[PDB]
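Q: Sequence, then structure. It's an experimental one.
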Amino acid sequence: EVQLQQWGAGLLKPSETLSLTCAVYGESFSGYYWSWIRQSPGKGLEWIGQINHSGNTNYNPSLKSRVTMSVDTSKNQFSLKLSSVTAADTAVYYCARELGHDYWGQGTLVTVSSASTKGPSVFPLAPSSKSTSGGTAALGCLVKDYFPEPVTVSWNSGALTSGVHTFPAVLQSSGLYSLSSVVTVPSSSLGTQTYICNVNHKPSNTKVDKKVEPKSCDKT
Amino acid sequence: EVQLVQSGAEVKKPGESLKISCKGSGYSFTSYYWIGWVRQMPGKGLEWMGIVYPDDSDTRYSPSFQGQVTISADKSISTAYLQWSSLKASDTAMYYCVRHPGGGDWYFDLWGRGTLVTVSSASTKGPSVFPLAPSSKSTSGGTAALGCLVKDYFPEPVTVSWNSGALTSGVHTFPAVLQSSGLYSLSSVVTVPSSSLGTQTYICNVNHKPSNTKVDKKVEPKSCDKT
Amino acid sequence: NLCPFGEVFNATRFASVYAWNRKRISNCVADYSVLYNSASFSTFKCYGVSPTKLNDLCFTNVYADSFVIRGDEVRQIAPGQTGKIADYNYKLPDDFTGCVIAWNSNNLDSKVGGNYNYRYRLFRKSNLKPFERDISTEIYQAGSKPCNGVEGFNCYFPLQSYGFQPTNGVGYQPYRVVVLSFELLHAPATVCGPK
Amino acid sequence: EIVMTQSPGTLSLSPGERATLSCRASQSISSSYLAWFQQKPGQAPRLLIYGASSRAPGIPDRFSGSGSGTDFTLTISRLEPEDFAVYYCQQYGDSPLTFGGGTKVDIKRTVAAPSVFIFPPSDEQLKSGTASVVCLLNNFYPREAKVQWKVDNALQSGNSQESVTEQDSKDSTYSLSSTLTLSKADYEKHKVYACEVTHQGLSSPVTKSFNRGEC
Amino acid sequence: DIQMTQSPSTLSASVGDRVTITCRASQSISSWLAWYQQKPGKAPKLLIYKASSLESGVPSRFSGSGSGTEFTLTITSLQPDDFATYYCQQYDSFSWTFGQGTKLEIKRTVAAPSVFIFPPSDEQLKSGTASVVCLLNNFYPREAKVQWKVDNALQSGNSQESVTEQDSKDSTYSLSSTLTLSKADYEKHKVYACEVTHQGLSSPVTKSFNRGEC
């Protein structure tokens, strides 16, 4: 039961260089070809190339110019270097055995961007007199302009696991990310129970505990 | 049905030019198949002439025919052509159009019914009928023979029936042989009992279509008048 | 003498790139004029020499290697190249002296339905050496079990057939290739040009 | 590069029923060299069928293959929870390898009325230097539903971003969230803001809106 | 040009019997050889390609064998629809050459060749030339010669023969010679004689007639 362990860089910048390394345990490194395979959204799976223990390489003409494969036999390791990375190389890379029919890796997500670490802006969407449908109103919070992923949102510190719908992160024009977390609760509680959206960004260790209140129309 | 249709027969004279055609029907006939020609002399073997690719209008000939004939094609109507500039008497033969199932399989999987080409110096003519009344030595155990002879006729073919098409008792119509005068000769004959001196009035019906000629001629046991 | 450059170029059948046919040429008067001047050869390259001054040399031996490939795998026939044809089937050296010629043969090597007689080697546990053949049909083991000359899971057959149809594209069409390799040694020169 | 194309790009069935997926090549493939991969979220692809008809070890007897030449097909006798995933077709008869786009398999249920809600901005985001309004559709099947924005009875475009949730493990429903972002100047010169929705589960589109300074 | 040689050329046989034919190349054609069938009047038909393969639409009694330089075609369960001519074609190299032909016959008892003589009529002389004829109705085998003697003297280059095909009932041939001459050369001599020679016949029979005698 061959086991493959991957590692390498994560976030990068344009025109930088990407380097990944997969190591093997449980069978003979020699006698087989070892391949790299990337998967992106919309472009499906794709085959990059394969390398042998003698250092012999098979490449894909699409990327023949940028890919460089290497192999260390003593350590049972192989490695990939992809140069001139643009924003189209964001994808999940796997290391596999010849004709991956048998064994694969676990995956390494690689993201390219021009921005750097940054914390989120948290703004609340409150239950107004319009957004109530059957004595059960929807509230929520909105994280905007953060980088990188992932930023995780909870409510009342795990004290709520019903009606919770957290959408994915939509990429904006500013190269940043944004998402919203909405929750439905009975209108018979919006004045009684506390409503908090605890947000945590790990790549920057930035944490927020913001409470939510209704959007009243103050009559001056 | 997948087939190849060829132009009808042809009668010609030396010097003149000629062009015959073959059209394919029942497949991707418009192109992508080699169309070729095969020759057969009267009572002899088969000789290969050449092939043509309609799409690219390529062509491949045989040494024995390179220069003499021309083989061309037309993909629009899917028709192959064989062409002569100056004919000779040797060009009298049957010609078949053939198709290759190409890609290393260079045998002939499809054949036409055949175009007959006659090259003669003479001109159309009507037949001459003569009798072949029984003989004296023909009294062979009662086996008496009678017949008719069609000589000096052109072009082929004629047909020789008997009793308006009612007698077939051992009656044969020999093939037409070519004389040196550019004409043809043949004979039909019937066997009967020697008691047929007065039992039957056999009449040979000779029919030649080109000259619109028809002749019904009776047979009678020749009586050598005594002096 | 006018040695046979026709049994090589003008032949009814050709070989498969994994079993390319090699012919030796010796003691001849070689006319390279039909080739350098002909509208048939789409690809005509020459490495180590100039193609307009071929009748002015005198080599010891000549080798003509003939085969058929796709139309997009003709750039792989050159020194210092990579691909399925230049690593597993036919490999040229780097100090190469000779000439590569290639021309389309869709009329002879194609067939409605498909001509599955031309094959290529797809799988190999290593890379060929220059001017090396491999006609072995052993089974390709890509898994943990031995194949025992028996196909199955992760045990595959390495020789696979091209698919040649006339309605294909110019990149998936057949091309016939002849490689001429000149050999000049310390011995006399038996292949000289005409005068 | 042999181009493989899957059919259909998406599929919706219910347990028990049978499934039929298809792959089509650009040129004829080698003998039958055509594999079928399964992929679930987070995990890596798993091979099921090799040779276009053979079943790999450790695979249930319900996955079957068929076809040849340029057309291949995968069949699933009885769908099961573990069978809802993303499937891929692969060819290893030529070089390079090529996978197909994909063909998802989603669960099927009865239509549902999308619950529509709207949210106004907060003064924090306002003074921050931007504004964004939010429209939330909840608990609707099927996924295909259209939404648009109208500023003072005037269609918009290029200034709205929407996102969809994933099929719940309980009711097989979806959620949609559209955010219409803009500078506060465009929010102070345009008057109204309306979220318009059109779903198969409804008889006519529905618009929920609010005007400037309204609350 | 690869030259093909067939053997035999005229091969008799009966119904239900087994028959074999051979083709031979001047070079080595690995398996590139086809066999065609041709009957009188009709076009040739394909039977076998690759020298050991059969065409769709053919019976099983036909089989092919060989490789290299010698090939054979065998027909086990012979039937009336198999008496025809057969050609071998090679398709290894240009140009493509056929064989020469191997006809089949329908053997029978050694028939008794009869003979008839028919003189001319004075109407032919009115036309300017006369013609006598001599028939060998219902003879077998095919080899049978007719000698013309003008006054017991050979006379060649003056007559013309014509022979039928195999009858469908008795499988016997029929031949006819015609001796044509001018109204002058017809007066050259008087005794016109036809002598039939045939292996099956133990004694060549002769039939002659004087001018104005019969």
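A: Good, I have the coordinates. Numbers count the residues shown, from 1 in each chain, chains lettered A, B, ... in the order given.
Q: Can you name the residues of chain C that neighbour chain E?
A: C:11-13 (C-beta under 8 Å from any C-beta of the partner chain). The way it works is simple: take the backbone N, C-alpha and C, and place the C-beta from them, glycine included.
Q: In a markdown table, list those residues along with neighbour count.
A: Below are the residues of chain C next to chain E laid out as a markdown table (neighbours: other C-beta atoms under 10 Å in any protein chain shown):
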| residue | neighbour count |
| --- | --- |
| C:11 | 16 |
| C:12 | 13 |
| C:13 | 16 |
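Q: export these to JSON lines and tack on distance to chain A and secondary structure?
A: As requested, the residues of chain C next to chain E are exported to JSON lines (distance: C-beta to the nearest C-beta, whole Å; DSSP: H, G, I helix; E, B strand; the rest coil):
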{"residue": "C:11", "distance to chain A": "31", "secondary structure": "coil"}
{"residue": "C:12", "distance to chain A": "33", "secondary structure": "coil"}
{"residue": "C:13", "distance to chain A": "31", "secondary structure": "coil"}
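Q: Of those residues, which are in range of chain B?
A: C:12-13.
Q: Pick out whichever of the residues of chain C next to chain E sits closest to chain E.
A: Set against chain E, the nearest of the residues of chain C next to chain E by C-beta to the nearest C-beta is residue C:12 (5.0 Å).
Q: Who are the contact partners of the closest one?
A: Residue C:12 sits next to B:106, C:108, E:92-94 when contact means C-beta atoms under 8 Å, 6 or more residues apart in numbering or on different chains.
Q: which of the residues you listed lies closest to chain A?
A: Among those, and counting by C-beta to the nearest C-beta, the member closest to chain A is residue C:108, at 28.3 Å.
Q: Next up, the contacts around the residue nearest the centre of chain A.
A: Residue closest to the average C-alpha location in chain A (C-alpha atoms, centre = their mean): residue A:149, at 5.7 Å. For residue A:149, the contact set (C-beta under 8 Å, 6+ apart) comprises A:111, A:169, A:177, A:203.
Q: Give me the secondary structure label for it.
A: coil (DSSP: H, G, I helix; E, B strand; the rest coil).
Q: how near is it to chain D?
A: According to C-beta to the nearest C-beta, to the nearest Å, residue A:149 and chain D sit 14 Å apart.
Q: can you map out the helices along chain C?
A: C:6-9, C:33-36, C:106-109 (DSSP state H).
Q: Pick the most buried one from these.
A: Each of the helices of chain C was scored by mean neighbour count; the highest is helix C:106-109, a mean of 21, by mean count of other C-beta atoms under 10 Å in any protein chain shown.
Q: Contacts for that helix next, please.
A: By C-beta under 8 Å, 6+ apart, helix C:106-109 touches B:34, B:53, B:55-56, B:58, B:102-104, C:12, C:14, C:68, C:115, C:118, C:164, C:166, C:168, C:173-174, C:176.
Q: Which positions in chain D make contact with chain C?
A: D:27-28, D:30-31, D:33, D:50, D:54, D:56-57, D:92-95.
Q: Name the residues of chain A found near chain E, please.
A: Checking chain A against chain E by C-beta under 8 Å from any C-beta, there are no hits.
Q: What residue spans form the domains of chain A?
A: A:3-112, A:121-212 (curated CATH domains).
Q: Closest one to chain D out of the residues of chain C next to chain E, please.
A: residue C:13 (22.6 Å).
Q: Might you report the residue contacts of the closest one?
A: B:104, E:92-93.
Q: Tell me how many other residues surround residue 133.
A: Since you didn't name a chain, this refers to chain A. Neighbours of residue A:133 under the rule other C-beta atoms under 10 Å in any protein chain shown: 15.
Q: To clarify, I was referring to chain D.
A: Neighbours of residue D:133 using other C-beta under 10 Å come to 22.
Q: how close does the spatially closest residue to it that is not a sequence neighbour get to residue D:134?
A: Among residues not flanking residue D:133 along the chain, residue D:180 sits closest, at 5.0 Å (C-beta to C-beta, 6 or more residues apart in numbering or on different chains). The gap separating residue D:180 from residue D:134 is 8 Å, by C-beta to C-beta, to the nearest Å.
Q: Mind picking the two most distant members of the contacts of residue A:149?
A: Using C-beta to C-beta, the pair of the contacts of residue A:149 lying farthest apart is A:169 and A:203, separated by 12.9 Å.
Q: So which of the two has more stuff around it?
A: Legend: neighbour count by other C-beta under 10 Å for residue A:169 and residue A:203, higher for residue A:169 (19 against 16).
Q: So what pairs up with the nearest residue to the more buried one once chain neighbours are set aside in the strands?
A: Of all residues not flanking residue A:169 in the chain, residue A:177 sits nearest, at 4.2 Å (C-beta to C-beta, 6+ apart). Judged by DSSP bridges, the bridge partners of residue A:177 are residue A:146, residue A:171.
Q: Pull the contacting residues for residue A:177.
A: Going by C-beta under 8 Å, 6+ apart, residue A:177 touches A:145-149, A:151, A:169-171.
Q: any idea how far it lies from residue D:133?
A: Residue A:177 is 19 Å from residue D:133, by C-beta to C-beta.
Q: Next: residue D:15.
A: Taking C-beta to C-beta, one finds residue D:15 at 40 Å from residue D:133.
Q: Check residue A:21 too.
A: 47 Å.
Q: Against chain A, which of the residues of chain D next to chain C make the cut? List them.
A: Answer for these near chain A (C-beta under 8 Å from any C-beta): D:50, D:56, D:92, D:95.
Q: related to what we said a few turns ago, could the residues of chain C next to chain E go into CSV alongside distance to residue C:32?
A: Output for those, formatted as CSV (distance: C-beta to C-beta, whole Å):
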residue, distance to residue C:32
C:11, 18
C:12, 23
C:13, 24
